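**Student:** Below is one structure. I have some questions about it.
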Amino acid sequence: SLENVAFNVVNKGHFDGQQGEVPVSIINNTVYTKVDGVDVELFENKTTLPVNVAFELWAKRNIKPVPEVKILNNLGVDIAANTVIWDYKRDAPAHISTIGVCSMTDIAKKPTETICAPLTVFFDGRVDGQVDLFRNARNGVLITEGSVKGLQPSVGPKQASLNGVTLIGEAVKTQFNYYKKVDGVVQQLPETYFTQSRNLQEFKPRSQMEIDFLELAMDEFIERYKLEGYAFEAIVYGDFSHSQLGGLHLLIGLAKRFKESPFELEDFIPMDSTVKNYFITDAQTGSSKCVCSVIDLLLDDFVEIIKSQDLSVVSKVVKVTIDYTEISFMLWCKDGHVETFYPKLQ
Amino acid sequence: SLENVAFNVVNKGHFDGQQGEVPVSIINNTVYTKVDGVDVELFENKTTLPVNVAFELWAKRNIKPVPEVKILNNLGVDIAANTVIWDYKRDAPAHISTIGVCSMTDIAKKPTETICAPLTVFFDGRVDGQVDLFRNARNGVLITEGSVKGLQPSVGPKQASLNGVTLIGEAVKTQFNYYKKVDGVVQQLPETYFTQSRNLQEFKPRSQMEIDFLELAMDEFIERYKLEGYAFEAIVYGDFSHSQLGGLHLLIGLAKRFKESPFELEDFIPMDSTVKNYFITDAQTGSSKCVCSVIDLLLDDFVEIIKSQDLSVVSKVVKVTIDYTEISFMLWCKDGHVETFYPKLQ
Amino acid sequence: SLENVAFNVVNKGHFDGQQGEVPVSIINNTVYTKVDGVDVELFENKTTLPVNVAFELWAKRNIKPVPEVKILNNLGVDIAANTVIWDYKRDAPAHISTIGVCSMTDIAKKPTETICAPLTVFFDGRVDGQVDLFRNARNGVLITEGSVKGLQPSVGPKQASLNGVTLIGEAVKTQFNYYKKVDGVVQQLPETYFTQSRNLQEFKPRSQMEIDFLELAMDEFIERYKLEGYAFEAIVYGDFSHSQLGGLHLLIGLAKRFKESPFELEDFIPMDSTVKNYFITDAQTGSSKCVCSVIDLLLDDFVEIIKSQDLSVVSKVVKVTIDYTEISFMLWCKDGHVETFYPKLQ
Amino acid sequence: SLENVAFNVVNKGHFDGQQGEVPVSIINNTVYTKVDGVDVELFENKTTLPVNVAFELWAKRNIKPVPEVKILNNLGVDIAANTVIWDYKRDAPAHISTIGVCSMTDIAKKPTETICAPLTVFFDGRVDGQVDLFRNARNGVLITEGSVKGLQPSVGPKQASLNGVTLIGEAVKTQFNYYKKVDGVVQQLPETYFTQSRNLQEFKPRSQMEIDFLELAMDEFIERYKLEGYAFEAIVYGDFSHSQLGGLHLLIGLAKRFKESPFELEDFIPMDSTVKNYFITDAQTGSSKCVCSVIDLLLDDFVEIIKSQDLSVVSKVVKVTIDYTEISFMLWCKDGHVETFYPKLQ
Amino acid sequence: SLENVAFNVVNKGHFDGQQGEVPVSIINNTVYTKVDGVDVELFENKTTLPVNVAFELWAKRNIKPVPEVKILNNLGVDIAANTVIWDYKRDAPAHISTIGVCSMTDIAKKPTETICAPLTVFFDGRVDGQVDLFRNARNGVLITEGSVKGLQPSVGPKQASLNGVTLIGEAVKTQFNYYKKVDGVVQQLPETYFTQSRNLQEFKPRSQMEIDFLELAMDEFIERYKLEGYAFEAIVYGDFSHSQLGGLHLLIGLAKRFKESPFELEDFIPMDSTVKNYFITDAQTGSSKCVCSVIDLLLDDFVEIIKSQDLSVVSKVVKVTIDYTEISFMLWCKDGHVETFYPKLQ
RNA sequence: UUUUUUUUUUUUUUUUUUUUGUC
RNA sequence: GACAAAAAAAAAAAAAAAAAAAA
């Protein structure tokens, strides 16, 4: 019920299943509640769903550490089992349909029904009974804090999404073992790189090489790590001398430039994905690029990727598996040295 | 609850107090329900209240024969006791606040509380325990289908509103005895004339003189009933010779004209009142009046009213109690005969 | 394209697939077009879908004679193949998802895809190649204007919906042969009674018995067709002596009463179904029933139905297959004569 | 008038009572004005009130230093006399009804009428003629910058709300004297502590003890101020060793932690209150608590409160008068030392 | 088309003229697109225009360095030739109508048509053929990065707007030469002072005297630059010692005050103009002023303006040509020394 | 061009408060 | 209670203007 959902929201901040109702008014795609005789806003609908449905889904969202929405999307997840994954980037639920959560969007009460068989149902190993559900499920993705029996585990990213903020859990476990089943057979998830999912204004180095990049300048860092000939001047640091911005395809370079001169990032597609496209405008020099493929890879991982490839090719499409999906990079080289290295099709 | 109210609406047409919930989606000030997997419209909010609040009030409306909203307004009724009076003319509740109906709209759970003392609370004697409540109410208006011990009744209109349809009840009783209390003392309601509240396109004569007026022409009807010198040419029949419409202040004359030549009635104030102002445009002759005060008095009552007047006065304002309120008419007389007779201030 | 769709609407009345664009403005859930410099309304969204999606679906609706939406719902039809069935009762598309019509609501480009396998897809035989598509479809319903080789036809209702006008076609063929498949096995559709789907204010009789019912009185019609003991006086003609309405479960009775004195019908579920529930209030006697099931059966079929029942049972639930679905009735009898016969659960 | 109100807004920033009109357009719950031929936004409605009414109330808001809305709510103030108290926390007026401000929300033109008698009317002593109005008012709350003859003053908080800015006035007077009348009898306001109404990101210590708390470490501050055994480890600083956050019920601790490690606060009830509940999620350690009562008490005041308690009780509910209202604290002790002390019911 | 525009937005960040369509849903004045089965917000309508029209104008906005909209407004620019100038301050197009951009807002396809003759069309010389259009235009404004044969250039501000960022371009040329034609004859633009259009929180000095002001104290800065007797203690530095704020009509003083003590600047006319009116409340001392006309003049330019005045006047309104428009200041000399000097426009 | 009403983020009075300090 | 000085509210004056209405 909407009133019970709002009662739970005002008493605990999220749906806990308690009994009780509060006066609720819906007006202009917003849910208001009456506290001491005066309306107080509870939830603003930023989604395409009806405001009551969106409010009920937001109240029933998962407040435990859950995988980042990009990881779920790259695994082909279409629905979640008895839970709602909230995409805080879009302020909307990550999946259109739900299983046993909201009657208006529910397609089934349990994930074992026929309708959910073709769908890749996401199962949480922290909830009891879900491992057995995943075992009998035709298609599914399972995450566990430990090891499950009879299935080879794939270690996921260290970080996980918690209440809209991504963190490496210390008091809580944010590292999950990923399992996948496709048409009833347990798939072996490939060995892949993982994006750190960091923020521009809150960039914090996670390795010694990142600290070296942020503290010493261009030439010192290039010579220190034997990174000559990989065009690190433009790919990472970026070029701001021409009207059209060049390179700057690594989030660490964007953070380094922001630390000395802040710019504006227009995210014309506000979602969660491995590769993010931004409308970059340099406020200091005036350099701007309409679309700029930005991927937040670990600097050590990006260096290893750029060093593990053959430099004696004019143009080559580079297939790198990142975040359980194949990211394709454009490579341009001349005289045995790299010129540009950016994700394909931008 | 919203879902419970919608379930009651879809299973009974109105809130019957039975348990059960159905999926509900609110969008564009409208309440939709999912029947057979596809949304079905339930209620479109035409009020200023929140959509869910208005829907809950509409579901809990009174489906029993209740007095017309004009009667309650003329008696000074502000809010009703444990019921909702729905004004179908406005498609909105007839009162801003209620008692024990809608949690957001309630000012009290019982009419005995202090906050309801200054308000004239509408009581329904057909509901058990409400007569005693009206006894203990400082201000209130009570209707009863029968006699009341210790109280002198005031017989109201023969017609009442039954789910938006005004009718003279035959299988149900629609004549009520009105009792009014102000500051804890019982008031004697004045002897009153009552409007018939008939519709133009569904006009039905209720007396012999009405049938004579509807069937016979002007001169025969004027001669038979001795209506010479009372300006019935303009007041009732109406004048269509000039660019400005003349008279037409009785709905019987409007019905007679519509029977032979329909016109447009632009009701710029869609509400229930004893005197209704219309923007009349005669489609045949082109005569138009911006404000035409139309009162639905029984022709017997109007004839008695105009015959009880003193004709030897040039200008005189007549205070006659109609629908439990004083309607002031303007009476112009010349040479001992009436020239015009219309409600004041139009 | 939205502009191309609006151009097709303003040049042909519906989407035909022509090339051209017109200026389009969307505001307040409404689509406007600029004709001679002034905005002209094109489509007011009464659905829960986005206004552009709803407008595109409405323009691409089926203008050819199509089965009534109730028939499709009773047959278990979920989505339509390469066509849109517009539900004019709800002013919304009859199915949530389409095939190759609108990119927003599309789940597949052709009905042969795996996603459409579990869904019962409506195939229209008048379109070339749809019969072969239905043959290879696991679940599907096929309607044809003629015979199909190797398939036994099932004659449907004489009437079909033509732009919301349910009618018996003379210049068009409105009778179709119905074929149903579930899990790749052709089912034999049971022999059914068919509702006429007539209007109350436009009602026309389709048989001699209906004409006699309309013109003859109660007792005369009862004794002419040997209808004693079937409670036709209350079941069909209706009872208006008490405050609660009695019977009136056939549209023939509603039409007969509406002819002599009109009432109010409040359709609290404005959808298309075999059994329709109304909030009937009588403006003459004041009789009112909160819910009243009205079925538009032809009088001959209803009389055969009531004469085929066993009268020596106190209370019995009658399973009748009407409009390809089992319509359930309550049969109450006493002393070997019928007392009540109305659709159960109301 | 709406146009005059908008002219006053664009010419002086608030309704000053000037004469003149400007073009005004209302669309999408927003008021726009035409300046130099292009529409300029003036006010976007965040309230449940109509857009024009909310805009008129916002323009006529009190621009002088006024008591915080929590103080007015705790005193039982229901409606302000001849002024609007704007709640910047909710972006909505603090009171539903007004006196002599907005013709739609007026219940009376002067606070002396019978309707305002049962309500607690807020009288501002800095406006002339209001002291006498408070003297004759049945229920009212009066604030004055100085003494009032015959009335015992009650000193209020050092801070006051000035255009949404809570500050301790230096060029303006923000410390008022509070007088309350209930049923025509002057009430003696109880001795109470006052919340400082500080912000998390803009916090500034207001005492030497707070300076030591922010500057010193944990053990040094605990030992210097003799605060061992009062559970300052979890009550104040907070615990992050578990997945569930512990304590942190004072804004002093939130400020101290945010200084070293910023985190997320989701205000699920965005209103002004003495005790605030937050959806605190620690971004560094991952510790999150569903609800956390945070009160902005002065550290010296809280030390006195916790040292005035009786430690030899297992479980005890502490009644403390803060901001003219009784704040209920839950006290847990073991072995004669405090274990957990948070506001009750959270 | 709408879907083609959304395709261009999601693929390039703005309309580039690429062919292709993406599914689009418009709901609640917001344009959503479906990628990977989930709706993603592309544009939220902040305008008074229709949502689709506003979205297509936003996509076709000028992504090149363009003059600040205040400059265009002061020059009498009414429309733009084959381009859209976006007011990022209002989040709306800078002009009501367009030329060759949006069929909903077009009044002509080319600036040479009759309807655009009375309007001063803004021509961008960087686009091929626009200069020759400006020569043949009756009324228009032309900006070029270089010289124009036979015309006299009028350079504007060293800064320009690039995707909502006001910057002095280094990798791009942001200095333009302005040409104006009225009634078919070229006009000589007067010598003007230019506002720096700097931000409060990003403020950076552009001269040595500005650095001295931001670093030195009040007395030393006044004594070094011989600014005694011109009331720089109040006009620029401000007087936060009374209930009403004193002076503070230069953004440099606002930035200096904000550096040491943050405050609030309520902009009740959120547009782009030479003189900005603010409802400033000092969060430290409590000094507030309803209207604070703040001009972003260079400190050297302001000093020259205030030193070029005649001090032997009781009061005078002086016309200073700033940003190609005549800004009126209020000089308030008294005994031959300035008491206040503030802009009065807006 | 000649009025009227209103306004302007300056100063000076005039009151009415209130705040002090002294008696 | 006077007294001196604050601050506030409400008035008036000093001087240049602005909007609308008239003229």
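Chains as they are written, first to last, in the authors' numbering: chain C, 1 to 346; chain E, 1 to 346; chain F, 1 to 346; chain B, 1 to 346; chain A, 1 to 346.
All C-beta atoms in this analysis are idealised placements derived from N, C-alpha and C, irrespective of residue type, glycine included.
Using 8 Å for Cβ pairs, my map puts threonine 281 of chain F next to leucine 162 of chain E. What's the rounded Cβ distance?
**Tutor:** As a first step, residue 281 of chain F must be located in the third sequence, where it is residue number 281. As a first step, residue 162 of chain E must be located in the second sequence, where it is residue number 162. At roughly 6 Å, the Cβ-Cβ gap stays under 8 Å, so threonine 281 of chain F and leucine 162 of chain E are in contact.
**Student:** Can you find a C-beta in chain F that's less than 8 Å from the C-beta of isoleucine 27 of chain E?
**Tutor:** Your numbering for residue 27 of chain E matches position 27 in the second sequence. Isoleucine 27 of chain E counts as touching chain F.
**Student:** Let me check understanding here. Comparing Cα to Cα, which of A:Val38, A:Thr114 and A:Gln284 lies closest to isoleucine 168 of chain B?
**Tutor:** Along the fourth sequence, one-based indexing puts residue 168 of chain B at 168. Out of A:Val38, A:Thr114 and A:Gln284, A:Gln284 has the C-alpha closest to the C-alpha of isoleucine 168 of chain B.
**Student:** Can the beta-carbon of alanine 92 of chain B be found less than 8 Å from the beta-carbon of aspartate 39 of chain C?
**Tutor:** Here residue 92 of chain B refers to the residue found at position 92 of the fourth sequence. Here residue 39 of chain C refers to the residue found at position 39 of the first sequence. Cβ distance < 8 Å, so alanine 92 of chain B and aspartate 39 of chain C count as in contact.
**Student:** State whether the stretch 143-162 of chain C contacts the stretch 91-106 of chain C, with contact taken as three or more CB pairs (one from each stretch) at a distance under 8 Å.
**Tutor:** No, they do not touch.
**Student:** Specify, as a first and last residue, the run of the alpha helix (DSSP H) that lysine 70 of chain B falls within.
**Tutor:** Here residue 70 of chain B refers to the residue found at position 70 when the fourth sequence is read from its first residue. Start and end: 69-74.
**Student:** Below 7 Å between beta carbons is the criterion; list the residues of the stretch 42-63 of chain C that meet it against any residue of chain A, in chain order.
**Tutor:** The stretch 42-63 of chain C vs chain A, Cβ under 7 Å: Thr48.
**Student:** Leaving out the 5 sequence neighbours to the left and right, which residues in its chain are closer than 8 Å to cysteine 290 of chain C when beta-carbon positions are compared?
**Tutor:** Against the first sequence, residue 290 of chain C aligns to sequence position 290. Closer than 8 Å at the Cβ level, and outside the excluded window around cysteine 290 of chain C, lie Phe279.
**Student:** So is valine 69 of chain B in contact with chain A if we call contact Cβ pairs under 8 Å?
**Tutor:** By 1-based counting over the fourth sequence, the position of residue 69 of chain B is 69. No, because no Cβ of chain A sits closer than 8 Å to the Cβ of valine 69 of chain B.
**Student:** Could you say if the stretch 58-66 of chain A and the stretch 83-92 of chain A meet the contact criterion of at least three C-beta pairs nearer than 8 Å?
**Tutor:** Yes: the two stretches touch, three or more of their Cβ pairs being nearer than 8 Å.
**Student:** Roughly how many angstroms separate the alpha carbons of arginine 224 of chain C and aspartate 212 of chain C, rounded to a whole number?
**Tutor:** As a first step, residue 224 of chain C is located in the first sequence; it is residue number 224 there, counting from the start. As a first step, residue 212 of chain C is located in the first sequence; it is residue number 212 there, counting from the start. For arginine 224 of chain C and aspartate 212 of chain C, the distance between alpha carbons rounds to 9 Å.
**Student:** Helix, strand or coil: how does DSSP classify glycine 140 of chain A here?
**Tutor:** Here residue 140 of chain A is taken as the residue at index 140 of the fifth sequence, counted from 1. If DSSP states are grouped into helix, strand and coil, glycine 140 of chain A belongs with the strands.
**Student:** How about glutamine 159 of chain A and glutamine 196 of chain A: are their beta carbons less than 8 Å apart?
**Tutor:** Taking the fifth sequence and counting its residues from 1, the one referred to as residue 159 of chain A is at position 159. Taking the fifth sequence and counting its residues from 1, the one referred to as residue 196 of chain A is at position 196. It is a contact, given that the beta carbons lie within the stated cut-off.
**Student:** What residues match up with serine 312 of chain F in a beta bridge as DSSP calls it?
**Tutor:** In the third sequence, residue 312 of chain F corresponds to position 312, counting from 1. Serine 312 of chain F is not bridged to any residue.
**Student:** Using the three-state DSSP reduction, which class does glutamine 130 of chain B fall into: helix, strand or coil?
**Tutor:** In the fourth sequence, residue 130 of chain B corresponds to position 130, counting from 1. Helix, per DSSP.
**Student:** On the three-state DSSP scale, how would you describe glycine 253 of chain B?
**Tutor:** As a position in the fourth sequence, residue 253 of chain B is number 253, starting the count at 1. Correct three-state label for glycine 253 of chain B: helix.
**Student:** Quick check: what's the CA-CA separation for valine 131 of chain E versus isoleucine 99 of chain E?
**Tutor:** The residue given as residue 131 of chain E occupies position 131 in the second sequence. The residue given as residue 99 of chain E occupies position 99 in the second sequence. Straight-line Cα distance between these residues: approximately 16 Å.
**Student:** So, for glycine 140 of chain A: in the same chain, excluding its five sequence neighbours on each side, which residues have a beta-carbon less than 6 Å away from its beta-carbon?
**Tutor:** Mapped onto the fifth sequence, residue 140 of chain A falls at position 140. Excluding positions up to five away in sequence, the list reads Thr120, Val121, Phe123, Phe134 and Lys181.
**Student:** If contact means a Cβ-Cβ distance below 8 Å, which residues of the stretch 222-255 of chain C contact chain A?
**Tutor:** From the stretch 222-255 of chain C, only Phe240, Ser241, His242 and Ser243 have a Cβ closer than 8 Å to chain A.
**Student:** For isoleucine 115 of chain A, count neighbouring Cβ atoms within 10 angstroms of its own Cβ and tell me buried if that reaches 16, exposed if not.
**Tutor:** In the fifth sequence, the residue the question calls residue 115 of chain A occupies position 115. So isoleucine 115 of chain A ends up on the exposed side.
**Student:** Do the stretch 324-331 of chain E and the stretch 3-21 of chain A make contact, defined as three or more Cβ pairs closer than 8 Å?
**Tutor:** Flag = no, the stretch 324-331 of chain E and the stretch 3-21 of chain A do not touch.
**Student:** Thinking just about the alpha-carbon of each residue, which of B:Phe7, B:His249 and B:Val10 is nearest to the one in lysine 344 of chain B?
**Tutor:** Residue numbering aside, residue 344 of chain B sits at position 344 when the fourth sequence is read from its first letter. Answer by Cα proximity: B:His249.
**Student:** As an exercise, report each continuous beta strand (DSSP E) stretch of at least 3 residues that is fully enclosed by the stretch 21-84 of chain F, in chain order.
**Tutor:** The stretch 21-84 of chain F contains these whole beta strand (DSSP E) runs: 24-27, 30-35 and 38-44.
**Student:** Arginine 90 of chain B versus chain C: which residues are under 9 Å apart at the beta carbon?
**Tutor:** Locating residue 90 of chain B in the fourth sequence gives position 90, counting from the first residue. Ordered by position in chain C, the residues that pass the 9 Å Cβ test against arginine 90 of chain B are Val38, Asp39, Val40 and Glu41.
**Student:** Would you list the residues sitting across from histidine 337 of chain B in a DSSP beta bridge?
**Tutor:** Residue 337 of chain B sits at position 337 when you count from the first residue of the fourth sequence. Per DSSP, B:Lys334.
**Student:** For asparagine 199 of chain C, count neighbouring C-beta atoms within 10 Å of its own C-beta (all shown protein chains included) and say buried if the count is 16 or more, exposed if not.
**Tutor:** As a working mapping, residue 199 of chain C is identified with position 199 in the first sequence. By the neighbour-count rule (16 or more Cβ atoms within 10 Å), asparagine 199 of chain C is not buried but exposed.
**Student:** When you compare the CB of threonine 30 of chain B with every CB in chain C, is at least one pair closer than 8 Å?
**Tutor:** Looking up residue 30 of chain B in the fourth sequence gives position 30. No, because no Cβ of chain C sits closer than 8 Å to the Cβ of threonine 30 of chain B.
**Student:** Is it right to say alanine 171 of chain F is buried, meaning 16 or more other beta carbons lie within 10 angstroms of its own, or is it exposed?
**Tutor:** Translated into positions along the third sequence, residue 171 of chain F becomes position 171. Exposed, since its Cβ has fewer than 16 Cβ neighbours within 10 Å.
**Student:** Out of E:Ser287, E:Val155, E:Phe7 and E:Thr33, point me to the one whose CA is closest to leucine 189 of chain E's CA.
**Tutor:** Locating residue 189 of chain E in the second sequence gives position 189, where the first residue counts as 1. It is E:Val155.
**Student:** Which class does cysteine 116 of chain F belong to by DSSP, given the choice of helix, strand or coil?
**Tutor:** Counted from its first residue, the third sequence places residue 116 of chain F at position 116. Helix, per DSSP.
**Student:** When the Cα atoms are used, what is the spatial distance from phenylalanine 341 of chain B to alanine 94 of chain C?
**Tutor:** Within the fourth sequence, the letter at position 341 stands for residue 341 of chain B. Within the first sequence, the letter at position 94 stands for residue 94 of chain C. Whole-angstrom Cα-Cα distance: 39 Å.
**Student:** Can you name, in chain order, every residue of its own chain whose Cβ lies under 8 Å from the Cβ of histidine 14 of chain B, other than the five neighbours on each side?
**Tutor:** Within the fourth sequence, residue 14 of chain B is the residue found at index 14, counting from 1. Taken in chain order, the residues that qualify are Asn8, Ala59, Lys60, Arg61 and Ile63.
**Student:** Among the residues of its own chain, which have a CB less than 6 Å from the CB of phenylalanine 203 of chain A, if the five just before and after it don't count?
**Tutor:** By one-based count along the fifth sequence, residue 203 of chain A stands at place 203. Taken in chain order, the residues that qualify are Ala255.
**Student:** Between the beta-carbon of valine 303 of chain E and the beta-carbon of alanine 231 of chain E, is there less than 8 Å?
**Tutor:** Your numbering for residue 303 of chain E matches position 303 in the second sequence. Your numbering for residue 231 of chain E matches position 231 in the second sequence. No.
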